[PDB]
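There is one chain below, alone, in structure tokens, taken in the form deposited in one PDB entry.
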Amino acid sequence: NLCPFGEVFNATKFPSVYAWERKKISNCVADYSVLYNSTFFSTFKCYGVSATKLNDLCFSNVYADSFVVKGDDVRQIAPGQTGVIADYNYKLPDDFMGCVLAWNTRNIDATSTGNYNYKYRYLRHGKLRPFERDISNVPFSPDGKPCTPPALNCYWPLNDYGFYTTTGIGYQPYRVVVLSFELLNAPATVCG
């Protein structure tokens, strides 16, 4: 009854950060060896848990969040961080329990001429609460009034990432999967 981590990690399409997607994993056997003995993850940080002991742990449910960010924003997918990704797109709680995994995807996700399909939100009134999501696409104004561009002081809140095959590493696309481990007073459904 093996756990379907290959459908999350090896998915063809990934989504943008602002519109990040979540798969619920339950009633399965979770063999994390497919993850931790592998070369390709540039980021493999665990919180409240030890990567090496993953196969001994049991949980109520595990949650997998997929999206894509710049190399220089992978540092924002961590508890306690700030910036556009952590504030306006994807916010981890401080008591986060789980692992963040990212790998370089310039081969799949960047082009010679430039790939603009992945977006992120860079303007918002107020920060996100943890695990909250905002897919609204409403023009942003600092006064907070409704406005319509092209008017002054009025801006579309989603920016395109620009992913080119020749850029520096901090500007290259990275796929990110965030595994949350959930401890409820319920029985356990995901184990090693």
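Shifts are known only where both forms have a C-alpha. Throughout, rigid core stands for the largest set of C-alpha atoms superposing within 1.5 Å between the two forms. Note that residue numbering follows the sequence shown and begins at 1.
- In the record comparison, residue 61 is modelled in each of the other entries of this protein that model the residues flanking it, with no third of them omitting it.
- Compared with other entries of the same protein, residue 36 falls in the group left without coordinates by at least a third of them, where both flanks are modelled.
- The stretch 21 to 29 shows the higher mean C-alpha B-factor when 167 to 175 is compared against 21 to 29 in the entry.
- Mean C-alpha B-factor is higher over 149 to 157 than over the other stretch, the pair under comparison being 62 to 70 and 149 to 157.
- The entry assigns its greatest Cα B factor, within the set 133, 124, 53, 45, to 53.
- Among all modelled residues in its chain, residue 10 ranks in the highest third by Cα B-factor.
- When all modelled residues of the chain are sorted by CA temperature factor, residue 49 is found within the highest third.
- Split the chain's modelled residues into thirds by C-alpha temperature factor. Residue 57 is in the highest one.
- Placement of the Cα temperature factor of residue 128 within the chain: lowest third of the modelled residues, per the deposited record.
Same protein, other form: the form deposited in another entry, not shown, and the subject of what follows.
- The only C-alpha among 63, 32, 164, 131 that moves by 2 Å or more between this form and the one not shown, given a superposition on the rigid core, is that of 32.
- Once both forms are fitted on their rigid core, the CA atom of residue 54 lies 2 Å or more apart between this form and the one not shown.
- In the other entry, the Cα atoms of residue 66 and residue 58 sit 3 Å or more nearer to each other than they do here.
- Distance between the C-alpha atoms of residue 57 and residue 103: shorter in the other entry than here (change of 3 Å or more).
- In sequence order, 1 to 4, 29 to 39, 49 to 61 are the runs of at least 3 residues present in both forms whose Cα atoms shift by 2 Å or more between this form and the one not shown once the core is superposed.
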